[PDB]
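# this block holds the first chain(s) of the complex, placed as they are in the complex; more will follow:
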Amino acid sequence: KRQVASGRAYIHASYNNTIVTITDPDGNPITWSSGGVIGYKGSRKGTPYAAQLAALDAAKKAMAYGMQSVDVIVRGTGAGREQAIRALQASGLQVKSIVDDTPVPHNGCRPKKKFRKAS
Amino acid sequence: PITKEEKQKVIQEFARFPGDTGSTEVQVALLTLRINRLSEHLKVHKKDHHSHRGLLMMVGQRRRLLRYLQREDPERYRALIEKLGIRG
Amino acid sequence: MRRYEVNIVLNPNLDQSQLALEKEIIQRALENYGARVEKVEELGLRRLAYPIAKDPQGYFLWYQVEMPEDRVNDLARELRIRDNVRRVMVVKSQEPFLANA
């Protein structure tokens, strides 16, 4: 219920789960999806496949709001980032562009031990 | 900082004879100058240690020159001091 | 007495009247701090690399004054005061180090 066509897609990947989010030209979300969304709990969640599924899911749903053209924006890494894009590109939506806008500090907060080590 | 003028004006003020740059007095003169400036810089910046060492060194080189003076011509010495303001 | 360079950037929306208002103050300000103005280079409006104060543009200025080192800060401490003034950067005069020449 809105009809957008020209939209925008956000792919937030991680070594833990992928999760796409379609949005309108202003940036307001319309439909979103995760590996979680579609079954898959815990481990299976991340995997490139789940990412494909979620990718599609995201489109398929926004296919209702009448989406067509989308600008893809990738954030993060993880098995499934590049993969998801593959999906969107197919899906049905026209993937006018792709841009990596993964956040990166210019050295601010001390990461947790998990990711420490740098000297 | 210390103007070339500020500096040279002091050199002239002390030279043993026309064109005296390295005489013992001249030197002691200059040091008391650089010392006094920095002596001040730290009046404020009591944290700026690194600079303070530079200071310790100056005080050194000075006492050393003077000691030599005191030794060689005990006269000029007594002169330079008073003429400056060393030994409070 | 040292030669500097006063980069200044204010709101690009100002109207010739409001704009002059600010300049009026800037000139004064400089003179209020012994900022003898060697020269000016008023570039105007320009596309900023990133937005500033929300505006995607910026109206620049550039004065190569000469003034008392002991008061450079005071001067800008004074310039930043103005609200339409969003950026101030008092560099110091530097001999143009060339390259590939």
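That came in fine, so what should we check first? Numbering: from 1, shown residues only, chains lettered A, B, ... in the order given.
# pairing partners for the strand or helix carrying residue C:88, with directions?
According to DSSP states H and E, residue C:88 maps onto strand C:85-92. Strand pairing for strand C:85-92, determined by DSSP bridges: strand C:2-10 (antiparallel).
# using the three-state scheme, assign residue 38.
In the absence of a named chain, chain A is used. At residue A:38 the chain is in coil, as set by DSSP: H, G, I helix; E, B strand; the rest coil.
# look at chain C instead
Following three-state DSSP, the label given to residue C:38 is strand.
# once you drop chain neighbours, what's closest to it?
In space, and not counting its chain neighbours, residue C:38 is closest to residue C:64: 4.5 Å by CB to CB, 6 or more residues apart in numbering or on different chains. All C-beta spots, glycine's among them, are computed from the backbone N, C-alpha and C.
# other SSEs contacting the helix or strand encompassing the one you found?
Under the criterion of DSSP H and E, residue C:64 resides in strand C:55-67. With contacts defined as 3 or more CB pairs under 8 Å, 6 or more residues apart in numbering or on different chains; DSSP states H and E, the packing partners of strand C:55-67 are strand C:2-10, helix C:16-32, strand C:36-40, strand C:44-52.
# here's chain D, drop it on:
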Amino acid sequence: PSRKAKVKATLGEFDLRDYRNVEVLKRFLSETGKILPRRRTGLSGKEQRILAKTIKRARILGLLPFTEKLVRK
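Chain D now in position relative to the chains above:
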């Protein structure tokens, strides 16, 4: 592997010290507000050292970016 050409060549008698010369500086930044290496700018540790200093000034002034979005991928 930085095997294209030294930015310096495709340039002229320029003042590495000028921090408002966007048109020329913009050359030493990658496809992001990232100041290129010497294996790409091709300047002396000294020249390169100065550029870097300059660019950063442009950033504050707002003439040069700090980091751009990477297109393609």
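# circling back to that earlier point, what is the subsequent helix or strand relative to the strand holding residue C:64?
Scanning the chain past strand C:55-67 towards its C-terminal end, the next helix or strand to appear is helix C:72-79 (assignment: DSSP H and E).
# relative to chain C, how far out is the nearest residue to residue D:29 once chain neighbours are set aside?
Distance criterion CB to CB, 6+ apart; nearest residue to residue D:29, sequence neighbours excluded, is residue D:35 at 6.1 Å. Spatial separation of residue D:35 from chain C under the definition CB to the nearest CB, to the nearest Å is 13 Å.
# what count of nearby residues applies to residue A:61?
Using other CB atoms under 10 Å in any protein chain shown, residue A:61 has 16 other residues around it.
# then residue A:101?
Residues within reach of residue A:101, counting by other CB under 10 Å, total 15.
# what does residue C:81 give?
In terms of burial, residue C:81 registers 11 neighbours under the definition other CB under 10 Å.
# rewinding a little: phi, psi of the residue nearest to residue D:29?
Note on residue D:35: its backbone torsions stand at phi -60, psi 120 [degrees, to the nearest 10].
# and RNA strand E, same structure:
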RNA sequence: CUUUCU
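Next up, RNA strand E placed on what we already have:
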């Protein structure tokens, strides 16, 4: 994954 001892 932890994954001892002679």
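# what packs against the lengthiest helix in chain B?
Looking only at chain B and at elements set by DSSP state H, the helix with the highest residue count is helix B:49-71. Packed against helix B:49-71, as judged by 3+ CB pairs under 8 Å, 6+ apart, are the following elements: helix B:24-44, helix B:74-83.
# which residue sits closest to residue D:10, ignoring its sequence neighbours?
On the basis of CB to CB, 6+ apart, the spatially nearest residue to residue D:10 that is not a chain neighbour turns out to be residue D:27, at 7.6 Å.
# and the one you found, that one's in a helix?
Yes - following the definition three-state DSSP, residue D:27 is counted among the residues of a helix.
# surely it and residue D:9 touch.
No - here residue D:27 lies out of contact with residue D:9, judged by CB atoms under 8 Å, at a distance of 10.8 Å.
# how far does the strand holding residue C:88 sit from the chain's center?
In terms of CA atoms, centre = their mean, to the nearest Å, the gap separating the centre of strand C:85-92 from the centre of its chain is 5 Å.
# how about it and chain D, any contact?
Yes - figure legend: strand C:85-92 in contact with chain D (CB under 8 Å from any CB of the partner chain); contacting residues C:87, C:89, C:91.
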